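Notes to accompany the following structure.
Along the sequence shown, the residues carry numbers beginning at 1. Keep in mind that the numbers below use all heavy atoms, side chains included, and drop hydrogens, waters and symmetry copies.
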Amino acid sequence: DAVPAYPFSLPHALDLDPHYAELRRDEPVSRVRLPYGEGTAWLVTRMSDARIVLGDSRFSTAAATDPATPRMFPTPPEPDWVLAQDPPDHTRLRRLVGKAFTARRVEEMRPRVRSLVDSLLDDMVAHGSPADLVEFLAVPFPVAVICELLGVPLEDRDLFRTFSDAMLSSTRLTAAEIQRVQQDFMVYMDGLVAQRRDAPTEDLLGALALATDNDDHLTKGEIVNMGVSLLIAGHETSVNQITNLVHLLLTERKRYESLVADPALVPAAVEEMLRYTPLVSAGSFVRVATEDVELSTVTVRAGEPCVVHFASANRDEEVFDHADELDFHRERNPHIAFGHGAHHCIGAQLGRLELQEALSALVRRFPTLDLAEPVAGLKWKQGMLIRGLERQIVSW
Ligand code: HEM
Ligand SMILES: CC[C@H]1OC(=O)[C@H](C)[C@@H](O)[C@H](C)[C@@H](O)[C@@H](C)C[C@@H](C)C(=O)[C@H](C)[C@@H](O)[C@H]1C
Ligand code: NA
Ligand code: NA
């Protein structure tokens, strides 16, 4: 009617729409119309407000399963989705699998992970320059890690990648196309979990099968969907972010040189590019206020929905100096690239390790790495809730 459409525009590369800085300065909480559901939502663009919306029991994701609630994606959320659970029910669900994702358990993975990266970078040198970093690194690396961690067969790669791409549709597919894929993925994962019934496994799917038979307070739907979410997230974030971080490094090649010179700066640079990159192209899973909640400039009423732009909150000038510049030497970096509060990313430590090991490996072994295709011709993924590159031809 009279509030603006969000997203504000079709995205360009990893650029933020200029309107977010305008809102952060002048209207940090504003009404928008999202592409699906009904009514309006408050768009939250500053770090302080984002930590309230993501971090407070007065903001409920369970309330977002109402199909009338505004949302960024065609299908209404279902009660069994991990994102649609509120504590304390959500806390019990994340304990099903949390143990595998602790910083300590992820750190135990670094040797296997580094070996996988090296092997895949040998396949790329064997092929010779120029080569498609998506084909040789960005896809096969995170897919192998999530397959080994869950106990999902590696030969199912093309099957679960086409499911995962459809479920991360923003505008690419219709609600019916995505609903059909959600059904297929649920039945496939329900299938993998069921193979552990008289044959237990030492992997996350084995942990999910024991929960199915022995745990009294988790529904089979919740458990199976958890397996779906881990398999989507565990490859889709890292696959895209390897392309995003390499894009940022090579298009202002000083950045890449800065890490060629001091490879020990890669962990800090991974944190800085996580802050700087809109992996989530726009918006967030929606939170609905269950009670009135005071944000910086407005009181959100019980029943009003809110949506956060993670990448805008990560450019807040009240939080980060020269927020609009990539700086691998900031003393402090309290970004929310992994979210905040209850739904804080379960895989945050695994995403960190994968980006650290892929980047460290390239910066060490490919000091001459360059983009071998025109910037203008880059195939950015269109019509998806996340951003990344379908292809990234590099030369060494
Ligand atoms: C660079 C890598 C990654 C980024 C930037 C990222 C970002 C995020 C963000 C922003 C959220 C919060 C969503 C919200 O609250 O609205 C989140 C949640 C989630 N992430 Fe990650 N993520 C990454 C890697 C991974 C990995 C490797 C996995 C799995 C192995 C994973 C699994 C999840 C899951 C299951 C959730 C939902 C958690 C819940 O609702 O309790 N992510 N991620
Ligand atoms: C509106 C944008 C968000 O998309 C959604 O909510 C999607 C419908 C999620 O259901 C997807 C399919 C799930 O698999 C997540 C577990 C993936 C995990 C990485 C995230 O939480 C991710 C940040 C996500 O919240 C955003 C892409
Ligand atoms: Na929340
Ligand atoms: Na955006």
Under the salt bridge (charged side-chain N to carboxylate O under 4.0 Å, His left out) rule, what do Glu318 and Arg46 come out as? Steps first, then yes or no, please. CA-CA 9 Å; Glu318 279 297 289; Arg46 292 193 66 72; 5.1 Å; no

Does the pair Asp66 and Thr69 meet the rule for a side-chain contact (heavy atoms from CB on, under 4.5 Å), with working shown? CA-CA 5 Å; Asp66 182 354; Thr69 311; 3.4 Å; yes

Applying salt bridge (charged side-chain N to carboxylate O under 4.0 Å, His left out) to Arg330 and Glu271, what does each step give before you reach the verdict? CA-CA 10 Å; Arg330 328 189 150 263; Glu271 295 303 311; over 6 Å; no

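Hydrophobic clustering of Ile, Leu, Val, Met, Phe, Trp and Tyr side chains at less than 4.5 Å, counting indirect connections, keeps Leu10 apart from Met72. In this structure, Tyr36 is not a member of the same hydrophobic cluster as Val32, with clusters built from ILVMFWY side-chain heavy atoms closer than 4.5 Å. Residues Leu154 and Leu120 fall within the same hydrophobic cluster, defined by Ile, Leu, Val, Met, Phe, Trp and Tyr side chains chained together at heavy-atom separations under 4.5 Å. Under a hydrophobic-cluster definition in which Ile, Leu, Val, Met, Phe, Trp and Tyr are linked whenever side-chain heavy atoms come within less than 4.5 Å, directly or via other members, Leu149 and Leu210 are assigned to different clusters. Cluster membership check: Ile393 does not share its hydrophobic cluster with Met124, using side-chain heavy-atom separations under 4.5 Å among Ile, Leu, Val, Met, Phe, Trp and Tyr.
Around the CD atom of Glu202, the shell of radius 6.0 Å holds no more than 12 heavy atoms that belong to other residues, nucleotides or ligands. Open room surrounds NZ on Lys220; 12 or fewer heavy atoms of other groups in view lie less than 6.0 Å from it. Within 6.0 Å of the CD atom in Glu304, the count of heavy atoms belonging to other residues, nucleotides or ligands exceeds 12. For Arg110, the CZ atom sits in a packed shell: over 12 heavy atoms of surrounding residues, nucleotides or ligands are nearer than 6.0 Å. When the shell of 6.0 Å around CD of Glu177 is examined, it contains more than 12 heavy atoms from other residues, nucleotides or ligands. No more than 12 heavy-atom neighbours from other residues, nucleotides or ligands sit within 6.0 angstrom of CZ on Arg301.
Here the side chains of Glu22 and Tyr20 are not in contact, with every heavy-atom distance at 4.5 Å or above. Counting heavy atoms from C-beta on, the side chains of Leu362 and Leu137 come closer than 4.5 Å. Side-chain atoms of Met384 and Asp165, non-hydrogen and from C-beta on, do get closer than 4.5 Å to each other. Taking 4.5 Å as the limit, every side-chain heavy atom of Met273 sits out of range of all side-chain heavy atoms of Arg255. Inter-residue side-chain proximity for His19 and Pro4 is flagged as unmet; no heavy-atom pair is nearer than 4.5 Å. Using a 4.5 Å heavy-atom threshold, the side chains of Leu274 and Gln241 count as touching. Under the 4.5 Å side-chain criterion, counting only non-hydrogen atoms from C-beta, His235 is in contact with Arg161. By the 4.5 Å heavy-atom criterion applied to side chains, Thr237 and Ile386 are not counted as neighbours.
Side-chain contact of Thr45 with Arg24: a donor-acceptor pair under 3.5 Å is absent, judged by distance alone. In this structure, a donor-acceptor pair under 3.5 Å is absent between the side chains of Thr65 and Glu78. Side-chain contact of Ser395 with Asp370: a donor-acceptor pair under 3.5 Å is absent, judged by distance alone. Using modelled atom types, one finds a donor on one side chain and an acceptor on the other under 3.5 Å when comparing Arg352 with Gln349. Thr243 and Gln392 form no side-chain donor-acceptor contact under 3.5 Å, judged by distance and modelled atom types alone.
From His90, atom NE2 reaches atom CD of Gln85 across 7.5 Å, with rounding to the nearest 0.5 Å. Within the model, atoms CG of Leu385 and OG of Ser170 stand 5.0 Å from one another, a figure rounded to the nearest 0.5 Å. The CG atom of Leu192 lies 10.0 Å from the OG1 atom of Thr201; values are rounded to the nearest 0.5 Å. One finds the CG atom of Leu14 at 9.5 Å from the OH atom of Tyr276 (value rounded to the nearest 0.5 Å).
Annotation for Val308: hydrophobic cluster partners, listed by chain and number, are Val29, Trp42, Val44, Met47, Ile52, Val53, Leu54, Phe59, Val280, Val293, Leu295, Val298, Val300, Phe310, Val319, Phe320, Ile336 (ILVMFWY side-chain heavy atoms under 4.5 Å, direct or chained). Side-chain contacts under 4.5 Å among hydrophobic residues (ILVMFWY), followed directly or transitively, place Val3 with no other residue at all.
Not counting sequence neighbours, the partners of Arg253 by the side chain to side chain donor-acceptor pair (under 3.5 Å) test are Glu257. Checked against side chain to side chain donor-acceptor pair (under 3.5 Å), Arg92 has the following partners two or more places apart in sequence or in another chain: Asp89.
The residues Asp213 and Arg196 are annotated as not salt-bridged, no charged nitrogen and carboxylate oxygen being separated by less than 4.0 angstrom. The pair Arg114-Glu357 meets the salt-bridge criterion, with a side-chain N (NZ, NE, NH1 or NH2) lying under 4.0 Å from an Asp/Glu carboxylate O.
The aromatic rings of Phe73 and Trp81 lie tilted to each other, with the angle between the two planes from 30° to 60°. The aromatic rings of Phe163 and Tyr188 stand perpendicular to each other, their planes meeting at an angle above 60°, with 30° marking the opposite boundary. Using cut-offs of 30° and 60° for the angle between ring planes, the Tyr6 and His309 rings count as perpendicular.
Under the ring pair (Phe, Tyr, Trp, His ring centres under 6.0 Å) criterion, no residue pair touches residues 202-231, with sequence neighbours excluded. Counting only residues at least two apart or on different chains, the ring pair (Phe, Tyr, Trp, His ring centres under 6.0 Å) pairs with a member in residues 105-141 are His127-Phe136.
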